[PDB]
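Q: My structure is in structure-v6.pdb, and what it holds is PDB, C-alpha atoms:
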MODEL        1
ATOM      1  CA  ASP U   5      46.927  21.424 -33.708
ATOM      2  CA  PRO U   6      47.490  24.874 -32.163
ATOM      3  CA  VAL U   7      45.927  26.258 -35.355
ATOM      4  CA  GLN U   8      42.279  25.146 -35.403
ATOM      5  CA  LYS U   9      41.060  28.419 -33.942
ATOM      6  CA  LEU U  10      37.555  26.988 -33.575
ATOM      7  CA  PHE U  11      39.022  23.997 -31.741
ATOM      8  CA  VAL U  12      40.772  26.142 -29.135
ATOM      9  CA  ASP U  13      37.777  28.495 -29.063
ATOM     10  CA  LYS U  14      35.490  25.636 -28.045
ATOM     11  CA  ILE U  15      38.062  24.495 -25.487
ATOM     12  CA  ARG U  16      38.206  28.044 -24.097
ATOM     13  CA  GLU U  17      34.434  28.376 -23.757
ATOM     14  CA  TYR U  18      34.666  24.988 -22.076
ATOM     15  CA  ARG U  19      37.182  26.260 -19.546
ATOM     16  CA  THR U  20      35.000  29.284 -18.822
ATOM     17  CA  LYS U  21      31.978  27.029 -18.324
ATOM     18  CA  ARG U  22      34.066  24.926 -15.945
ATOM     19  CA  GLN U  23      35.046  27.878 -13.776
ATOM     20  CA  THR U  24      31.609  29.518 -13.796
ATOM     21  CA  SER U  25      29.680  26.376 -12.783
ATOM     22  CA  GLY U  26      29.292  27.437  -9.156
ATOM     23  CA  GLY U  27      25.589  27.228  -9.882
ATOM     24  CA  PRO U  28      24.050  26.159 -13.200
ATOM     25  CA  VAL U  29      24.726  29.326 -15.167
ATOM     26  CA  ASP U  30      21.968  30.687 -17.410
ATOM     27  CA  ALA U  31      19.701  28.031 -15.898
ATOM     28  CA  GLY U  32      16.434  29.955 -16.079
ATOM     29  CA  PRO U  33      13.166  28.705 -14.582
ATOM     30  CA  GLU U  34      13.022  25.855 -17.107
ATOM     31  CA  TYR U  35      16.011  24.284 -15.341
ATOM     32  CA  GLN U  36      14.271  24.032 -11.972
ATOM     33  CA  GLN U  37      10.863  23.208 -13.451
ATOM     34  CA  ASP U  38      12.245  20.268 -15.422
ATOM     35  CA  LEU U  39      14.487  19.003 -12.615
ATOM     36  CA  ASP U  40      11.382  18.931 -10.425
ATOM     37  CA  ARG U  41       9.251  17.264 -13.103
ATOM     38  CA  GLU U  42      11.492  14.274 -13.720
ATOM     39  CA  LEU U  43      12.500  14.012 -10.052
ATOM     40  CA  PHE U  44       8.812  13.624  -9.201
ATOM     41  CA  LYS U  45       8.297  11.158 -12.052
ATOM     42  CA  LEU U  46      11.233   9.031 -10.874
ATOM     43  CA  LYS U  47      10.064   9.194  -7.257
ATOM     44  CA  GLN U  48       6.587   8.064  -8.287
ATOM     45  CA  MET U  49       7.896   5.223 -10.449
ATOM     46  CA  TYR U  50      10.312   3.929  -7.802
ATOM     47  CA  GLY U  51       8.543   4.217  -4.460
ATOM     48  CA  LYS U  52       7.607   6.318  -1.457
ATOM     49  CA  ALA U  53       9.588   4.399   1.179
ATOM     50  CA  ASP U  54      11.838   6.106   3.716
ATOM     51  CA  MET U  55      14.206   7.451   1.064
ATOM     52  CA  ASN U  56      17.150   7.703   3.466
ATOM     53  CA  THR U  57      17.871   4.505   5.423
ATOM     54  CA  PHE U  58      16.705   0.892   5.198
ATOM     55  CA  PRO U  59      12.983   0.562   5.969
ATOM     56  CA  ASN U  60      12.235  -2.484   8.091
ATOM     57  CA  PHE U  61      10.000  -5.373   7.036
ATOM     58  CA  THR U  62       8.625  -7.220  10.091
ATOM     59  CA  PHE U  63       7.247 -10.176   8.173
ATOM     60  CA  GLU U  64       4.743 -12.745   9.442
ATOM     61  CA  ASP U  65       5.426 -16.436   9.974
ATOM     62  CA  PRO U  66       3.370 -18.986   7.936
TER
ATOM     63  CA  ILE I 108      -7.927 -64.350   6.586
ATOM     64  CA  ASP I 109      -6.417 -62.757   3.482
ATOM     65  CA  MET I 110      -8.576 -59.646   3.831
ATOM     66  CA  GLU I 111      -7.514 -59.147   7.442
ATOM     67  CA  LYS I 112      -3.827 -59.901   6.833
ATOM     68  CA  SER I 113      -3.626 -57.480   3.904
ATOM     69  CA  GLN I 114      -5.595 -54.878   5.873
ATOM     70  CA  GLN I 115      -2.985 -55.049   8.630
ATOM     71  CA  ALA I 116      -0.031 -55.082   6.230
ATOM     72  CA  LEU I 117      -1.515 -51.965   4.631
ATOM     73  CA  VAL I 118      -2.495 -49.952   7.716
ATOM     74  CA  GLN I 119       1.094 -50.547   8.824
ATOM     75  CA  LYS I 120       2.201 -47.768   6.445
ATOM     76  CA  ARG I 121      -0.378 -45.070   7.307
ATOM     77  CA  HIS I 122       2.648 -42.862   8.092
ATOM     78  CA  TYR I 123       2.815 -41.394   4.564
ATOM     79  CA  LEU I 124       0.151 -38.814   5.403
ATOM     80  CA  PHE I 125       2.261 -37.533   8.292
ATOM     81  CA  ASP I 126       5.425 -37.705   6.179
ATOM     82  CA  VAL I 127       3.625 -35.583   3.581
ATOM     83  CA  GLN I 128       2.579 -33.049   6.207
ATOM     84  CA  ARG I 129       6.188 -32.968   7.439
ATOM     85  CA  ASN I 130       7.804 -32.259   4.081
ATOM     86  CA  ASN I 131       4.974 -29.922   3.074
ATOM     87  CA  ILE I 132       5.492 -27.769   6.167
ATOM     88  CA  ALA I 133       9.236 -27.817   5.518
ATOM     89  CA  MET I 134       8.467 -26.564   2.003
ATOM     90  CA  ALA I 135       6.268 -23.803   3.432
ATOM     91  CA  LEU I 136       9.077 -22.697   5.745
ATOM     92  CA  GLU I 137      11.579 -22.756   2.877
ATOM     93  CA  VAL I 138       9.351 -20.659   0.614
ATOM     94  CA  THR I 139       8.827 -18.142   3.418
ATOM     95  CA  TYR I 140      12.606 -17.922   3.876
ATOM     96  CA  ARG I 141      13.153 -17.465   0.137
ATOM     97  CA  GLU I 142      10.544 -14.714  -0.048
ATOM     98  CA  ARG I 143      12.126 -12.922   2.916
ATOM     99  CA  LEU I 144      15.582 -12.956   1.334
ATOM    100  CA  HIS I 145      14.300 -11.862  -2.068
ATOM    101  CA  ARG I 146      12.183  -9.072  -0.565
ATOM    102  CA  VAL I 147      15.141  -7.593   1.304
ATOM    103  CA  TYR I 148      17.334  -7.849  -1.797
ATOM    104  CA  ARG I 149      14.666  -6.243  -3.980
ATOM    105  CA  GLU I 150      14.178  -3.330  -1.584
ATOM    106  CA  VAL I 151      17.895  -2.583  -1.289
ATOM    107  CA  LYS I 152      18.320  -2.804  -5.057
ATOM    108  CA  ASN I 153      15.328  -0.504  -5.530
ATOM    109  CA  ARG I 154      16.826   2.202  -3.316
ATOM    110  CA  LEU I 155      20.241   1.863  -4.967
ATOM    111  CA  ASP I 156      18.645   2.081  -8.416
ATOM    112  CA  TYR I 157      16.668   5.155  -7.354
ATOM    113  CA  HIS I 158      19.861   6.928  -6.324
ATOM    114  CA  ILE I 159      21.837   5.840  -9.388
ATOM    115  CA  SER I 160      19.102   6.687 -11.889
ATOM    116  CA  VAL I 161      18.418  10.122 -10.404
TER
ENDMDL
END
Show how you would write the structure in this file as structure tokens.

A:
Amino acid sequence: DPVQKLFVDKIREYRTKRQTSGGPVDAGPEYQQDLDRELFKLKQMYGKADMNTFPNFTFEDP
Amino acid sequence: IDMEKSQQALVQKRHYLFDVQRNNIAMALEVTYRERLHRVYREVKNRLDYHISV
């Protein structure tokens, strides 16, 4: 198991990715552009309510 | 005599209209309560789902 040089090579590039992930490394503008795109899509699909605490209802009796 | 006696025996039970109204208004109150509970549950679930899905 200590022999599959590709195995340990992938694990090593993994460890490097782990340490370097202070901010999404090699993100490029596509990272932010996408993140924004699907965040906006999800926000639109879900709702526009006070996305922080519980909005209040204040119903009306019959 | 029979007409009058049966008329009285019948108008004795005119209370069904009010009994209706009673249970109908109780039903209206119950449906309002159910809608309130389900609306609050739906809103909380919607916010939780928003967070989880993002």

Q: Residue 56 of chain U: which residues within 12 Å, counting all atoms listed in the file, same-chain residues fewer than 3 positions away excluded, as a list in words?

A: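 These residues fall inside the cut-off: residues 52, 53 and 59 of chain U; 151, 154, 155, 157 and 158 of chain I.
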
Q: Give me, as a Markdown table, the closest atom pair and its distance (Å, one decimal) for every residue of chain U within a cut-off of 12 Å of chain I, counting only C-alpha atoms, rows sorted by chain and rising number.

A:
| residue | atom | partner | partner_atom | distance |
| --- | --- | --- | --- | --- |
| U:39 | CA | I:161 | CA | 10.0 |
| U:40 | CA | I:161 | CA | 11.3 |
| U:41 | CA | I:161 | CA | 11.9 |
| U:42 | CA | I:161 | CA | 8.7 |
| U:43 | CA | I:161 | CA | 7.1 |
| U:44 | CA | I:161 | CA | 10.3 |
| U:45 | CA | I:161 | CA | 10.3 |
| U:46 | CA | I:161 | CA | 7.3 |
| U:47 | CA | I:157 | CA | 7.7 |
| U:48 | CA | I:157 | CA | 10.5 |
| U:49 | CA | I:157 | CA | 9.3 |
| U:50 | CA | I:157 | CA | 6.5 |
| U:51 | CA | I:153 | CA | 8.3 |
| U:52 | CA | I:154 | CA | 10.3 |
| U:53 | CA | I:154 | CA | 8.8 |
| U:54 | CA | I:154 | CA | 9.5 |
| U:55 | CA | I:154 | CA | 7.3 |
| U:56 | CA | I:154 | CA | 8.7 |
| U:57 | CA | I:154 | CA | 9.1 |
| U:58 | CA | I:151 | CA | 7.5 |
| U:59 | CA | I:150 | CA | 8.6 |
| U:60 | CA | I:147 | CA | 9.0 |
| U:61 | CA | I:147 | CA | 8.0 |
| U:62 | CA | I:143 | CA | 9.8 |
| U:63 | CA | I:143 | CA | 7.7 |
| U:64 | CA | I:139 | CA | 9.1 |
| U:65 | CA | I:139 | CA | 7.6 |
| U:66 | CA | I:139 | CA | 7.1 |

Q: So how far away is atom CA of residue 38 of chain U from atom CA of residue 149 of chain I, in Å?

A: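 Between atom CA of residue 149 of chain I and atom CA of residue 38 of chain U the gap is 29.0 Å.
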
Q: One decimal, Å: what's the distance from atom CA of residue 8 of chain U over to atom CA of residue 24 of chain U, could you say?

A: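 Atom CA of residue 8 of chain U sits 24.5 Å away from atom CA of residue 24 of chain U.
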
Q: What does the structure give for the distance between atom CA of residue 141 of chain I and atom CA of residue 128 of chain I, in Å to one decimal?

A: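 Separation between atom CA of residue 141 of chain I and atom CA of residue 128 of chain I: 19.8 Å.
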
Q: When you get a chance, write out N, CA, C and O atoms for segment 20-35 of chain U, as a short mmCIF file (atom, residue, chain, number, x, y, z; two decimals), in the coordinates of the input.

A:
data_model
loop_
_atom_site.label_atom_id
_atom_site.label_comp_id
_atom_site.auth_asym_id
_atom_site.auth_seq_id
_atom_site.Cartn_x
_atom_site.Cartn_y
_atom_site.Cartn_z
N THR U 20 35.84 28.29 -19.48
CA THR U 20 35.00 29.28 -18.82
C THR U 20 33.78 28.64 -18.19
O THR U 20 33.42 28.96 -17.05
N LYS U 21 33.12 27.72 -18.90
CA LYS U 21 31.98 27.03 -18.32
C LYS U 21 32.39 26.25 -17.08
O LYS U 21 31.64 26.20 -16.10
N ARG U 22 33.57 25.63 -17.12
CA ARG U 22 34.07 24.93 -15.94
C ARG U 22 34.17 25.87 -14.75
O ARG U 22 33.64 25.58 -13.67
N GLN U 23 34.85 27.00 -14.93
CA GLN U 23 35.05 27.88 -13.78
C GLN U 23 33.73 28.47 -13.28
O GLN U 23 33.54 28.62 -12.07
N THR U 24 32.81 28.79 -14.19
CA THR U 24 31.61 29.52 -13.80
C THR U 24 30.52 28.61 -13.23
O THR U 24 29.47 29.12 -12.82
N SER U 25 30.74 27.30 -13.17
CA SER U 25 29.68 26.38 -12.78
C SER U 25 29.48 26.30 -11.27
O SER U 25 29.16 25.23 -10.75
N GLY U 26 29.65 27.42 -10.56
CA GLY U 26 29.29 27.44 -9.16
C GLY U 26 27.83 27.08 -8.94
O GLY U 26 27.49 26.29 -8.06
N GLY U 27 26.95 27.67 -9.75
CA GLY U 27 25.59 27.23 -9.88
C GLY U 27 25.24 27.20 -11.36
O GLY U 27 25.81 27.95 -12.15
N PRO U 28 24.30 26.33 -11.76
CA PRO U 28 24.05 26.16 -13.20
C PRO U 28 23.80 27.49 -13.88
O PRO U 28 22.72 28.09 -13.74
N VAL U 29 24.79 27.98 -14.63
CA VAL U 29 24.73 29.33 -15.17
C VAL U 29 23.72 29.38 -16.30
O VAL U 29 23.58 28.43 -17.09
N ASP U 30 23.00 30.50 -16.40
CA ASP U 30 21.97 30.69 -17.41
C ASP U 30 20.90 29.61 -17.31
O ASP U 30 20.31 29.20 -18.31
N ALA U 31 20.64 29.13 -16.09
CA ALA U 31 19.70 28.03 -15.90
C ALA U 31 18.29 28.42 -16.32
O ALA U 31 17.64 27.72 -17.11
N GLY U 32 17.79 29.55 -15.82
CA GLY U 32 16.43 29.96 -16.08
C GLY U 32 15.43 29.05 -15.39
O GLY U 32 15.76 27.95 -14.94
N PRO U 33 14.18 29.50 -15.30
CA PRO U 33 13.17 28.70 -14.58
C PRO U 33 12.93 27.34 -15.19
O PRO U 33 12.49 26.42 -14.48
N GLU U 34 13.19 27.16 -16.49
CA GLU U 34 13.02 25.86 -17.11
C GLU U 34 13.90 24.81 -16.43
O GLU U 34 13.49 23.66 -16.25
N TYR U 35 15.12 25.20 -16.04
CA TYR U 35 16.01 24.28 -15.34
C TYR U 35 15.32 23.67 -14.13
O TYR U 35 15.19 22.44 -14.02
#
